[PDB]
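K.L.:
Pasting target34.txt here (compact mmCIF, N, CA and C atoms):
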# COMPACT_ATOMS: atom_id res chain seq x y z
N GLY A 3 0.80 -1.26 0.00
CA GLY A 3 0.00 0.00 0.00
C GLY A 3 0.82 1.28 0.00
N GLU A 4 1.47 1.59 1.12
CA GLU A 4 2.17 2.86 1.15
C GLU A 4 3.44 2.82 0.30
N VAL A 5 4.12 1.67 0.18
CA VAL A 5 5.29 1.59 -0.70
C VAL A 5 4.89 1.95 -2.12
N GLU A 6 3.80 1.37 -2.59
CA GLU A 6 3.33 1.63 -3.94
C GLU A 6 3.01 3.10 -4.14
N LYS A 7 2.36 3.71 -3.16
CA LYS A 7 2.06 5.12 -3.24
C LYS A 7 3.33 5.96 -3.35
N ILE A 8 4.34 5.66 -2.54
CA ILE A 8 5.57 6.45 -2.56
C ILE A 8 6.26 6.32 -3.91
N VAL A 9 6.36 5.10 -4.44
CA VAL A 9 7.03 4.88 -5.72
C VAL A 9 6.29 5.59 -6.85
N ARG A 10 4.96 5.50 -6.88
CA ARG A 10 4.23 6.16 -7.96
C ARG A 10 4.32 7.67 -7.86
N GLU A 11 4.30 8.22 -6.64
CA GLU A 11 4.47 9.66 -6.50
C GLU A 11 5.86 10.10 -6.92
N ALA A 12 6.88 9.29 -6.68
CA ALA A 12 8.22 9.63 -7.11
C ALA A 12 8.31 9.62 -8.63
N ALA A 13 7.70 8.63 -9.28
CA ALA A 13 7.67 8.64 -10.74
C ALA A 13 7.01 9.92 -11.27
N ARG A 14 5.91 10.35 -10.65
CA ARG A 14 5.25 11.57 -11.08
C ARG A 14 6.16 12.77 -10.87
N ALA A 15 6.81 12.84 -9.71
CA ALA A 15 7.73 13.94 -9.46
C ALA A 15 8.88 13.95 -10.45
N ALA A 16 9.39 12.77 -10.81
CA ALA A 16 10.45 12.70 -11.80
C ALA A 16 9.96 13.20 -13.15
N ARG A 17 8.73 12.83 -13.53
CA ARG A 17 8.21 13.28 -14.82
C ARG A 17 8.00 14.79 -14.82
N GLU A 18 7.59 15.35 -13.69
CA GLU A 18 7.39 16.80 -13.61
C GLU A 18 8.68 17.57 -13.40
N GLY A 19 9.77 16.91 -13.00
CA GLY A 19 11.01 17.61 -12.72
C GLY A 19 11.05 18.29 -11.37
N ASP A 20 10.24 17.83 -10.42
CA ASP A 20 10.11 18.49 -9.12
C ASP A 20 11.14 17.85 -8.18
N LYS A 21 12.30 18.49 -8.09
CA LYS A 21 13.40 17.96 -7.30
C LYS A 21 13.09 17.97 -5.81
N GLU A 22 12.37 18.99 -5.31
CA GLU A 22 12.07 19.00 -3.89
C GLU A 22 11.14 17.85 -3.50
N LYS A 23 10.10 17.59 -4.30
CA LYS A 23 9.21 16.48 -3.98
C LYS A 23 9.96 15.16 -4.07
N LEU A 24 10.87 15.02 -5.03
CA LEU A 24 11.68 13.81 -5.11
C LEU A 24 12.47 13.60 -3.83
N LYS A 25 13.11 14.65 -3.34
CA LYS A 25 13.87 14.52 -2.11
C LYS A 25 12.97 14.26 -0.89
N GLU A 26 11.78 14.85 -0.86
CA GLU A 26 10.86 14.61 0.26
C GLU A 26 10.40 13.15 0.26
N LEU A 27 10.07 12.61 -0.91
CA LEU A 27 9.67 11.21 -1.02
C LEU A 27 10.83 10.28 -0.71
N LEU A 28 12.02 10.62 -1.17
CA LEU A 28 13.22 9.88 -0.80
C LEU A 28 13.38 9.83 0.71
N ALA A 29 13.19 10.98 1.38
CA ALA A 29 13.35 11.01 2.83
C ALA A 29 12.33 10.12 3.53
N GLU A 30 11.12 10.06 2.98
CA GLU A 30 10.08 9.19 3.52
C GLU A 30 10.46 7.72 3.40
N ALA A 31 10.86 7.30 2.20
CA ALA A 31 11.27 5.92 1.99
C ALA A 31 12.44 5.53 2.90
N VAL A 32 13.38 6.46 3.10
CA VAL A 32 14.54 6.20 3.95
C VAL A 32 14.12 5.99 5.40
N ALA A 33 13.30 6.91 5.91
CA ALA A 33 12.89 6.84 7.31
C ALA A 33 12.07 5.60 7.58
N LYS A 34 11.31 5.15 6.60
CA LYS A 34 10.46 3.98 6.77
C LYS A 34 11.19 2.68 6.48
N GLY A 35 12.48 2.74 6.15
CA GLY A 35 13.23 1.53 5.93
C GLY A 35 12.88 0.77 4.67
N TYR A 36 12.38 1.47 3.64
CA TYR A 36 12.04 0.83 2.38
C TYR A 36 13.29 0.88 1.50
N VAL A 37 14.05 -0.22 1.46
CA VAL A 37 15.34 -0.19 0.78
C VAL A 37 15.14 -0.08 -0.72
N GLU A 38 14.30 -0.94 -1.29
CA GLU A 38 14.09 -0.92 -2.73
C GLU A 38 13.56 0.44 -3.18
N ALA A 39 12.57 0.97 -2.46
CA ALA A 39 12.02 2.27 -2.84
C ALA A 39 13.09 3.35 -2.72
N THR A 40 13.91 3.30 -1.68
CA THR A 40 14.98 4.27 -1.52
C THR A 40 15.93 4.24 -2.71
N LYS A 41 16.34 3.06 -3.12
CA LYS A 41 17.32 2.94 -4.19
C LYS A 41 16.74 3.46 -5.48
N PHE A 42 15.48 3.14 -5.75
CA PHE A 42 14.83 3.55 -6.98
C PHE A 42 14.68 5.08 -7.01
N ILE A 43 14.16 5.62 -5.91
CA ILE A 43 13.89 7.05 -5.83
C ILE A 43 15.22 7.82 -5.82
N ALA A 44 16.21 7.31 -5.09
CA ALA A 44 17.52 7.97 -5.09
C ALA A 44 18.11 8.03 -6.49
N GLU A 45 17.94 6.98 -7.29
CA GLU A 45 18.48 7.04 -8.64
C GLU A 45 17.72 8.05 -9.50
N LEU A 46 16.40 8.11 -9.40
CA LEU A 46 15.67 9.17 -10.10
C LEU A 46 16.17 10.54 -9.64
N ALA A 47 16.36 10.72 -8.33
CA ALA A 47 16.82 12.01 -7.82
C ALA A 47 18.23 12.34 -8.32
N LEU A 48 19.08 11.34 -8.43
CA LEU A 48 20.42 11.55 -8.97
C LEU A 48 20.34 11.96 -10.44
N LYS A 49 19.57 11.23 -11.24
CA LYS A 49 19.44 11.60 -12.65
C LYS A 49 18.83 12.98 -12.82
N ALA A 50 17.94 13.39 -11.95
CA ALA A 50 17.34 14.72 -11.97
C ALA A 50 18.29 15.80 -11.46
N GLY A 51 19.47 15.41 -10.99
CA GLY A 51 20.38 16.40 -10.43
C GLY A 51 20.00 16.92 -9.06
N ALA A 52 19.13 16.23 -8.34
CA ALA A 52 18.65 16.68 -7.05
C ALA A 52 19.56 16.26 -5.90
N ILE A 53 20.31 15.17 -6.07
CA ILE A 53 21.24 14.67 -5.06
C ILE A 53 22.52 14.26 -5.78
N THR A 54 23.55 14.04 -4.99
CA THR A 54 24.82 13.55 -5.48
C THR A 54 24.96 12.05 -5.25
N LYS A 55 25.99 11.46 -5.85
CA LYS A 55 26.26 10.04 -5.65
C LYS A 55 26.61 9.76 -4.19
N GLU A 56 27.36 10.65 -3.54
CA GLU A 56 27.66 10.44 -2.13
C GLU A 56 26.40 10.53 -1.27
N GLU A 57 25.52 11.47 -1.56
CA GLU A 57 24.26 11.55 -0.83
C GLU A 57 23.43 10.29 -1.06
N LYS A 58 23.37 9.82 -2.30
CA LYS A 58 22.67 8.58 -2.60
C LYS A 58 23.18 7.44 -1.74
N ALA A 59 24.50 7.30 -1.64
CA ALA A 59 25.04 6.20 -0.84
C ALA A 59 24.63 6.34 0.61
N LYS A 60 24.62 7.56 1.14
CA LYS A 60 24.23 7.78 2.53
C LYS A 60 22.76 7.49 2.76
N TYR A 61 21.89 7.87 1.81
CA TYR A 61 20.47 7.58 1.95
C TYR A 61 20.23 6.07 1.92
N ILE A 62 20.91 5.36 1.01
CA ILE A 62 20.72 3.92 0.92
C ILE A 62 21.15 3.26 2.22
N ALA A 63 22.29 3.70 2.77
CA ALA A 63 22.76 3.13 4.03
C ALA A 63 21.75 3.36 5.15
N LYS A 64 21.19 4.55 5.23
CA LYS A 64 20.23 4.86 6.27
C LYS A 64 18.97 4.02 6.11
N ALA A 65 18.52 3.81 4.88
CA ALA A 65 17.34 2.99 4.68
C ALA A 65 17.59 1.56 5.12
N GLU A 66 18.77 1.02 4.80
CA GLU A 66 19.08 -0.35 5.22
C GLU A 66 19.11 -0.46 6.73
N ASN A 67 19.64 0.56 7.40
CA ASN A 67 19.67 0.65 8.86
C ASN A 67 18.25 0.60 9.39
N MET B 1 25.67 -0.95 -9.13
CA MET B 1 24.24 -0.69 -9.06
C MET B 1 23.48 -2.01 -9.00
N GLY B 2 22.40 -2.03 -8.22
CA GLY B 2 21.48 -3.15 -8.20
C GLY B 2 20.35 -2.98 -9.20
N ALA B 3 19.34 -3.82 -9.05
CA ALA B 3 18.33 -3.96 -10.09
C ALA B 3 17.44 -2.73 -10.20
N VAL B 4 16.94 -2.21 -9.08
CA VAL B 4 16.00 -1.10 -9.17
C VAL B 4 16.67 0.17 -9.67
N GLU B 5 17.95 0.38 -9.34
CA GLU B 5 18.67 1.54 -9.85
C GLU B 5 18.82 1.46 -11.36
N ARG B 6 19.16 0.28 -11.88
CA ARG B 6 19.25 0.13 -13.33
C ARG B 6 17.92 0.46 -14.00
N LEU B 7 16.82 0.01 -13.40
CA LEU B 7 15.50 0.32 -13.94
C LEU B 7 15.18 1.80 -13.86
N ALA B 8 15.53 2.45 -12.75
CA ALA B 8 15.25 3.86 -12.60
C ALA B 8 16.02 4.68 -13.63
N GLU B 9 17.26 4.29 -13.90
CA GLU B 9 18.06 5.00 -14.88
C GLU B 9 17.41 4.94 -16.26
N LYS B 10 16.95 3.76 -16.64
CA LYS B 10 16.23 3.60 -17.91
C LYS B 10 14.89 4.33 -17.89
N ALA B 11 14.19 4.32 -16.76
CA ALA B 11 12.92 5.02 -16.66
C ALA B 11 13.09 6.51 -16.87
N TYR B 12 14.18 7.08 -16.35
CA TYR B 12 14.46 8.50 -16.57
C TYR B 12 14.62 8.78 -18.05
N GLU B 13 15.34 7.91 -18.75
CA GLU B 13 15.49 8.07 -20.20
C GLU B 13 14.15 7.94 -20.91
N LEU B 14 13.29 7.02 -20.44
CA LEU B 14 11.96 6.84 -21.02
C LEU B 14 11.12 8.09 -20.84
N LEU B 15 11.17 8.70 -19.66
CA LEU B 15 10.44 9.94 -19.42
C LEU B 15 10.94 11.05 -20.35
N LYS B 16 12.24 11.09 -20.60
CA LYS B 16 12.78 12.06 -21.56
C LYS B 16 12.19 11.83 -22.94
N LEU B 17 12.16 10.58 -23.40
CA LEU B 17 11.58 10.31 -24.71
C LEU B 17 10.12 10.77 -24.79
N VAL B 18 9.35 10.53 -23.74
CA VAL B 18 7.94 10.93 -23.75
C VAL B 18 7.82 12.44 -23.78
N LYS B 19 8.57 13.13 -22.91
CA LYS B 19 8.48 14.59 -22.84
C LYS B 19 8.92 15.26 -24.12
N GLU B 20 9.89 14.70 -24.84
CA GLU B 20 10.40 15.26 -26.08
C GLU B 20 9.66 14.75 -27.30
N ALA B 21 8.57 14.01 -27.10
CA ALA B 21 7.74 13.56 -28.21
C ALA B 21 8.54 12.72 -29.20
N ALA B 22 9.43 11.87 -28.67
CA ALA B 22 10.13 10.94 -29.52
C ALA B 22 9.14 9.99 -30.20
N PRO B 23 9.55 9.40 -31.32
CA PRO B 23 8.67 8.46 -32.01
C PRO B 23 8.19 7.34 -31.10
N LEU B 24 6.95 6.92 -31.33
CA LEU B 24 6.35 5.88 -30.49
C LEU B 24 7.17 4.60 -30.52
N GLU B 25 7.78 4.27 -31.66
CA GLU B 25 8.55 3.04 -31.71
C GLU B 25 9.74 3.11 -30.76
N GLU B 26 10.28 4.30 -30.53
CA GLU B 26 11.41 4.43 -29.62
C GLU B 26 10.96 4.33 -28.17
N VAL B 27 9.84 4.98 -27.85
CA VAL B 27 9.21 4.81 -26.55
C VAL B 27 8.94 3.36 -26.27
N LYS B 28 8.34 2.65 -27.23
CA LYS B 28 7.98 1.26 -26.98
C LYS B 28 9.23 0.39 -26.81
N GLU B 29 10.26 0.60 -27.63
CA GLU B 29 11.48 -0.17 -27.49
C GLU B 29 12.01 -0.10 -26.07
N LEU B 30 12.11 1.11 -25.52
CA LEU B 30 12.70 1.25 -24.20
C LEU B 30 11.73 0.80 -23.12
N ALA B 31 10.44 1.09 -23.27
CA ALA B 31 9.48 0.63 -22.28
C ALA B 31 9.48 -0.89 -22.20
N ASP B 32 9.50 -1.56 -23.36
CA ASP B 32 9.50 -3.02 -23.38
C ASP B 32 10.78 -3.58 -22.78
N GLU B 33 11.91 -2.93 -23.01
CA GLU B 33 13.14 -3.35 -22.34
C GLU B 33 12.98 -3.27 -20.82
N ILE B 34 12.43 -2.16 -20.32
CA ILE B 34 12.20 -2.01 -18.88
C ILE B 34 11.25 -3.07 -18.36
N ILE B 35 10.16 -3.33 -19.10
CA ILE B 35 9.17 -4.30 -18.65
C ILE B 35 9.81 -5.67 -18.53
N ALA B 36 10.54 -6.10 -19.56
CA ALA B 36 11.18 -7.42 -19.50
C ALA B 36 12.19 -7.49 -18.37
N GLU B 37 12.99 -6.43 -18.20
CA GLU B 37 13.99 -6.43 -17.15
C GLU B 37 13.35 -6.47 -15.77
N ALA B 38 12.26 -5.71 -15.56
CA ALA B 38 11.58 -5.71 -14.27
C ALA B 38 10.95 -7.08 -13.98
N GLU B 39 10.38 -7.73 -15.00
CA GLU B 39 9.81 -9.05 -14.81
C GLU B 39 10.87 -10.03 -14.35
N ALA B 40 12.03 -10.01 -15.01
CA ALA B 40 13.11 -10.91 -14.61
C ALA B 40 13.58 -10.59 -13.19
N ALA B 41 13.74 -9.31 -12.87
CA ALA B 41 14.19 -8.92 -11.54
C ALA B 41 13.18 -9.32 -10.47
N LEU B 42 11.89 -9.24 -10.78
CA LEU B 42 10.86 -9.58 -9.81
C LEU B 42 10.95 -11.05 -9.43
N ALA B 43 11.20 -11.92 -10.42
CA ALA B 43 11.35 -13.34 -10.14
C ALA B 43 12.55 -13.63 -9.26
N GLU B 44 13.59 -12.81 -9.34
CA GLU B 44 14.80 -13.09 -8.58
C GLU B 44 14.70 -12.55 -7.16
N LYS B 45 14.14 -11.36 -7.00
CA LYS B 45 14.06 -10.68 -5.71
C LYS B 45 12.69 -10.02 -5.67
N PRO B 46 11.65 -10.77 -5.35
CA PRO B 46 10.30 -10.18 -5.38
C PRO B 46 10.15 -9.03 -4.40
N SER B 47 9.53 -7.96 -4.88
CA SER B 47 9.21 -6.82 -4.04
C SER B 47 8.02 -6.13 -4.66
N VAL B 48 7.24 -5.48 -3.81
CA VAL B 48 6.19 -4.61 -4.30
C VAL B 48 6.78 -3.56 -5.22
N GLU B 49 7.95 -3.00 -4.87
CA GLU B 49 8.53 -1.95 -5.70
C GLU B 49 8.73 -2.40 -7.15
N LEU B 50 9.27 -3.61 -7.37
CA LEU B 50 9.48 -4.07 -8.74
C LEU B 50 8.15 -4.24 -9.48
N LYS B 51 7.13 -4.75 -8.80
CA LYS B 51 5.81 -4.85 -9.42
C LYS B 51 5.32 -3.46 -9.84
N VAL B 52 5.50 -2.47 -8.98
CA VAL B 52 5.03 -1.12 -9.31
C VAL B 52 5.85 -0.52 -10.44
N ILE B 53 7.16 -0.76 -10.47
CA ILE B 53 7.98 -0.26 -11.57
C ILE B 53 7.52 -0.85 -12.89
N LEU B 54 7.27 -2.16 -12.90
CA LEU B 54 6.73 -2.84 -14.07
C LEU B 54 5.41 -2.21 -14.50
N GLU B 55 4.50 -2.00 -13.56
CA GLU B 55 3.22 -1.40 -13.90
C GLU B 55 3.38 0.02 -14.40
N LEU B 56 4.27 0.80 -13.79
CA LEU B 56 4.51 2.16 -14.27
C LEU B 56 4.95 2.16 -15.72
N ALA B 57 5.83 1.24 -16.09
CA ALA B 57 6.31 1.18 -17.46
C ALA B 57 5.20 0.75 -18.40
N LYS B 58 4.38 -0.22 -17.99
CA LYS B 58 3.28 -0.66 -18.84
C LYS B 58 2.27 0.46 -19.01
N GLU B 59 1.99 1.19 -17.95
CA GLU B 59 1.02 2.27 -18.01
C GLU B 59 1.53 3.40 -18.88
N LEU B 60 2.80 3.75 -18.76
CA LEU B 60 3.35 4.81 -19.59
C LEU B 60 3.26 4.44 -21.05
N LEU B 61 3.61 3.20 -21.39
CA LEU B 61 3.51 2.77 -22.79
C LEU B 61 2.07 2.79 -23.28
N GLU B 62 1.13 2.29 -22.46
CA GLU B 62 -0.28 2.30 -22.86
C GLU B 62 -0.74 3.72 -23.15
N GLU B 63 -0.38 4.67 -22.28
CA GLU B 63 -0.79 6.04 -22.50
C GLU B 63 -0.12 6.62 -23.75
N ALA B 64 1.14 6.25 -24.01
CA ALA B 64 1.86 6.80 -25.15
C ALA B 64 1.25 6.34 -26.46
N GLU B 65 0.68 5.14 -26.48
CA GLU B 65 0.09 4.59 -27.70
C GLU B 65 -1.25 5.25 -28.03
N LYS B 66 -1.97 5.75 -27.04
CA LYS B 66 -3.30 6.36 -27.27
C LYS B 66 -3.22 7.54 -28.22
Please express what this file holds, its structure, as structure tokens.
P.N.:
Amino acid sequence: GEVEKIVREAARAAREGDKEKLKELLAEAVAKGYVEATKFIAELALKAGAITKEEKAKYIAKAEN
Amino acid sequence: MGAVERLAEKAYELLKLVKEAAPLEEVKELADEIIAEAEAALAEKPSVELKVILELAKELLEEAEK
């Protein structure tokens, strides 16, 4: 339920180019421990130029934690 | 990179093709690549996320064909 909602909202944010919403959704996936969603959203955020590769690695680590 | 990152990277390129009004055959080529890759990844490491990525790609292609 909520994983699906987060992933679909991130896809919409990526299509719209909304970097802040991408980062907000990324932060949600990270805090909730959704590793797959974090990795997917972090990569969209990286391709959008919203985060760096080092930030991506830190977000993924926090989600796994 | 793992499986979902590879899919996200391709999905970003797919969104670019849609936004730039690339030919439908190019949209379909990349969407179908994503769909097949997500299906294979789902069998290896099932997750709701992979199912949703697959559905997102199928939905984008369906809308692009209309």
K.L.:
So what do you get for atom CA of residue B:18 versus atom N of residue B:49, distance-wise?
P.N.:
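These two atoms are separated by 23.5 Å.
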K.L.:
Any idea which chain A residues end up within 6.5 Å of chain B if we count all atoms listed in the file, as a list in words please?
P.N.:
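Per the criterion, chain A yields residues 5, 6, 17, 38, 39, 41, 42, 45 and 46 of chain A.
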K.L.:
Would you pick out the contacts of residue A:65 at 6.5 Å or less, using only N, CA and C atoms, so that residues sharing its chain but fewer than 3 positions from it are not included, and give the list as a list in words?
P.N.:
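Within the cut-off, the hits are residues 31, 32, 33, 34, 35, 36, 37, 60, 61 and 62 of chain A.
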K.L.:
Quote the spacing between atom N of residue B:46 and atom CA of residue A:43 in Å to one decimal place.
P.N.:
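Interatomic distance, atom N of residue B:46 to atom CA of residue A:43: 18.0 Å.
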K.L.:
Stretch 23-33 of chain A, all listed atoms, 3 Å padding on each side: what axis-aligned box centre and edge lengths in Å to one decimal come out, as AutoDock Vina command-line options?
P.N.:
--center_x 11.9 --center_y 11.6 --center_z 1.2 --size_x 11.3 --size_y 18.1 --size_z 18.7
K.L.:
Mind pulling up the distance from atom CA of residue A:44 to atom CA of residue A:57?
P.N.:
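Calculated distance between atom CA of residue A:57 and atom CA of residue A:44 is 8.7 Å.
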K.L.:
Extract the full set of helix (DSSP H, G or I) residues from chain A according to DSSP on the backbone, and format it as a ChimeraX atom specification.
P.N.:
/A:4-18,21-33,37-49,55-66
